């Protein structure tokens, strides 16, 4: 509210409540966190990325994104808990401090800011951004069908009223171009994780094809390891494997792209539920979800530093 110790992590908040928390966090830890604006949304809202650093060069960074899909609320809210938790574990947990002492972390909580505010005042089940343009009457692109990874091939729909609608070209979406340019400038991303909701799955490339990643073995095992660790806290059981293999063929997804860029540890997390609640996961389920899902992101990081 007026303090990150007093901001309620076990409630669903709004854009304004979160662009705001991001401001408390930095003001609290200007030596650990910075707030970066990597772009401005479709409908003009700033896109913020939060960088967590103990200093150094152009240290190898870890990228974590939340909310590419607005309806999937537990990710923005897991998102807020990670920021809080980075700031507290540093210098506390040797593991966690080891990693900040070698790598920078890049945290993006509301990747799709337009669509999220849309879920609040209009439709709770909006999944796409709020881009107009098209032979359309029909707004928005599935931003996880817009990246340049088998773009516009099966797994993405060509009609604009579609839920899985891919945009007219790859990165057409500014929410999507920001990250890309950004990821691409830095050039020292050795990890890329994308958080989604719901179903309890830890996914690695590919989405748009059957061919299997060279690093298939590695990722399987880290995946293996990382699903193990999440299950340790509350016993939540996940499944893991390629996307094409365990949910559905999805051309143009985020992980697909980062992977082909050379971001080896590129994983997609599908958080809780399994469907009772699905997109409307009750609030009493955030701390839990965040704590387990951190044990899992943590695993992927130790791995990232180890090799």
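Positions refer to the first chain, counted from 1.
Enquirer: So 64-72 or 48-56, which one's hotter by mean CA B-factor in the entry?
Expert: Higher of the two, by average CA B-factor, is 48-56.
Enquirer: Determine, for stretches 274-282 and 253-261, which one has the higher mean CA B-factor as deposited.
Expert: Comparing averages over the C-alpha atoms only gives 274-282.
Enquirer: Out of 37, 266, 245, 41, whose C-alpha atom has the biggest B factor in the entry?
Expert: Highest C-alpha B-factor among the listed options: 245.
Enquirer: Using the entry's values, work out which of 145, 153, 127, 196 has the largest Cα B factor.
Expert: Across 145, 153, 127, 196, the entry lists the biggest C-alpha B-factor for 153.
Enquirer: Where does the C-alpha B-factor of residue 162 rank in its chain, lowest, middle or highest third?
Expert: As the PDB entry reports it, the C-alpha B-factor of residue 162 lands in the highest third of its chain.
Enquirer: Please rank the C-alpha B-factors of the chain's modelled residues and tell me whether residue 83 sits in the lowest, middle or highest third.
Expert: For residue 83, whose C-alpha B-factor we compare with every modelled residue in the chain, the answer is the lowest third.
Enquirer: Looking at the entry's B-factor column for C-alpha atoms only, identify whether residue 101 ranks in the lowest, middle or highest third of its chain.
Expert: As the PDB entry reports it, the C-alpha B-factor of residue 101 lands in the highest third of its chain.
Enquirer: Can you tell me whether residue 108 has a C-alpha B-factor in the lowest, middle or highest third compared with the other modelled residues of the same chain?
Expert: According to the entry, residue 108 has a C-alpha B-factor in the chain's lowest third.
Enquirer: Going by the recorded CA B-factors, say which third of the chain residue 133 sits in, lowest, middle or highest.
Expert: As the PDB entry reports it, the C-alpha B-factor of residue 133 lands in the highest third of its chain.
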